[PDB]
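Since the structure comes first, as structure tokens, the remarks are kept for the end.
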Amino acid sequence: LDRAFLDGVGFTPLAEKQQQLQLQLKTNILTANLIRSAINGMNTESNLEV
Amino acid sequence: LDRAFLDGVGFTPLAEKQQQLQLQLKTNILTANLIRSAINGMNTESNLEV
Amino acid sequence: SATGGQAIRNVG
Amino acid sequence: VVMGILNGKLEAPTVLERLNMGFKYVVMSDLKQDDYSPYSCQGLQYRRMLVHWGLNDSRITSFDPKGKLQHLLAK
Amino acid sequence: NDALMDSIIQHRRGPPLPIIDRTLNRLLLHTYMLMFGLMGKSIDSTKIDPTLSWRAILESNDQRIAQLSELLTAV
Amino acid sequence: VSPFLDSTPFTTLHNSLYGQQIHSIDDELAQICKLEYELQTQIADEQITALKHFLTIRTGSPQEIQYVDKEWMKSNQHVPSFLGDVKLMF
């Protein structure tokens with residue numbers, strides 16, 4: 001019943017959150033911080049099932 | 001017997017190790033660190049004999 | 001299709 | 001230039017359109033529709049555009065890259 | 001000019017965009033503003049389509065790197 | 001049917017989008033491009049004839065036209081492959 005009636009999902013696009021996080025980071029752009037390099041390889045194609 | 005029955009070696013490519021080290025180091029990429037520079041100058045041609 | 005465009009309905 | 005049309009040269013796509021630039025979620029409304037403009041010799045529609053936004057000023061903030069870099073070079 | 005053209009573009013949340021592409025997308029917005037008006041409508045709001053803005057902020061990321069890396073070696 | 005008439009002004013686009021409703025900006029621009037394509041076609045239709053008359057007057061009267069689109073480029077041609085990229089050296 002949930003599956004047949006929930007055909008959408010209100011997720012903000014990932015690039016926007018990526019920009020937000022990069023701005024909030026206290027690290028230099030050229031240096032490496034793993035937090036910004038871990039969410040870069042994230043995909044949101046299966047948000048509906050979750 | 002060992003040198004006749006061992007045809008291959010399961011080694012990960014050096015480029016991946018260099019990339020992981022580049023990500024892991026907490027210093028800038030402009031500054032020079034002798035750990036990264038030395039590893040950049042390496043090859044794995046003779047892994048089989050070792 | 002590629003560039004979304006909205007408009008005011010009747011406040012115009 | 002003649003040899004270009006003689007041969008298979010030209011007819012290739014440009015390079016500008018390869019890069020993807022655009023906007024999303026644009027709001028659009030009617031123009032003012034009044035005709036009082038100081039330039040009475042021009043067409044009716046151009047006068048309608050001028051009154052809605054007003055006269056341009058300072059001739060620098062408007063990009064016009066022909067003169068913007070010249071002004072920067074002078075300064 | 002950029003006085004009102006800044007107001008047309010909706011404020012962005014992320015980092016300040018580089019100048020190699022801001023002067024391009026705002027020029028595109030200026031051209032779009034000049035054409036629709038001849039047709040009779042005006043734009044008062046516009047989002048940057050930031051799914052394209054991130055690709056644009058990625059450019060400098062690897063571009064500044066090319067500029068500084070060639071300095072790093074005394075070639 | 002001739003476009004070169006005062007009745008046909010290149011200004012038939014102002015009262016277009018004034019009143020009706022507009023949607024996502026991808027199809028009205030295509031409509032404008034298509035309309036300008038049509039206008040250019042009827043412009044060239046008589047531009048070619050005017051050129052033919054002018055050339056006939058300017059030179060020997062017999063003149064004939066032939067469409068030389070890419071399918072014709074297959075026809076007899078000349079190739080100086082070496083002297084291909086025409087340039088001035090020194």
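Amide hydrogen proximity for C:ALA7: with H placed 1.01 Å from N in the peptide plane, the residues at 5 or more positions away or on another chain lying under 5 Å are D:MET28. Averaging the Cα positions of each part gives two centres, and for the range D:1-25 and the range E:9-75 these lie 22 Å apart. Placing a label point 7 Å from the Cα of D:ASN7 along the Cα-to-Cβ direction, the residues of the range F:40-80 with a backbone N closer than 11 Å are F:79-80. The magnitude of the dipole of chain A, with charges of +1 and -1 set on the Cβ of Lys/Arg and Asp/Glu and taken from the Cα centre, is near 360 debye. Sequence-ordered 3J(HN,Hα) estimates for the range B:44-50 from the Karplus curve with 6.51, -1.76 and 1.60 and θ = phi - 60° stand at 10, 5, 10, 5, 5, 5, 5 Hz, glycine and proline given as x. What number comes out for the charge environment of F:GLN40, summing +1 per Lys or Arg and -1 per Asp or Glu over other residues with Cβ under 13 Å away? Taking every other residue near F:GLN40 into account, the sum is -3. The trypsin sites (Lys or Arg not before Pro) of chain E that DSSP puts in a loop, and whose beta carbon has at most 16 other beta carbons within 10 Å, are E:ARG12, E:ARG13. Projecting the Cα positions of D:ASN20, B:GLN18, A:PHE5 onto the charge dipole of the protein assembly as shown (unit charges on Cβ atoms of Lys, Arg, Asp and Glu, taken about the Cα centre) puts B:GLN18 furthest along the positive direction. Loop-resident GluC sites (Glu not before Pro) (DSSP state other than H, G, I, E or B) in the range F:39-90 with no more than 15 further Cβ atoms inside 10 Å of their Cβ: F:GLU64. Using 19 Å as the Cα-Cα cut-off, could you pick out the over-long pairs in A:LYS17/E:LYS47; D:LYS9/F:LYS74; D:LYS9/F:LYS70; D:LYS9/F:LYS52; D:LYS32/E:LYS41; D:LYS9/F:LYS87? Too far apart for the 19 Å limit: D:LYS9/F:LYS52.
Each stretch of four or more DSSP H residues adds -39500 (n - 2.57); spread over every residue of chain F, this sum gives -13500 deg cm²/dmol at 222 nm.
Taken about its Cα centre, chain E carries a charge dipole of about 220 debye when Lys and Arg each add +1 at the Cβ and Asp and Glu each add -1 at the Cβ. Rounded to the nearest 20, the size of the Cβ-charge dipole of the protein assembly as shown about its Cα centre is 1180 debye, with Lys and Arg at +1 and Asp and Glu at -1. Pick out, from F:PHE54, F:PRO80, F:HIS23, the residue whose Cα sits farthest towards the positive end of the charge dipole of chain F, with +1 on the Cβ of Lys and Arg and -1 on the Cβ of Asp and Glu. Selected residue: F:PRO80. For the pair C:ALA2 and E:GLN67, a Förster radius of 30 Å applied to the C-beta separation gives a FRET efficiency near 0.35, rounded to the nearest 0.05.
So basically every Cβ, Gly included, is an ideal-geometry build from the backbone, and we count neighbours across all protein chains shown. Every read-out reported here was derived from the displayed coordinates using simple, explicitly stated rules and does not represent laboratory data.
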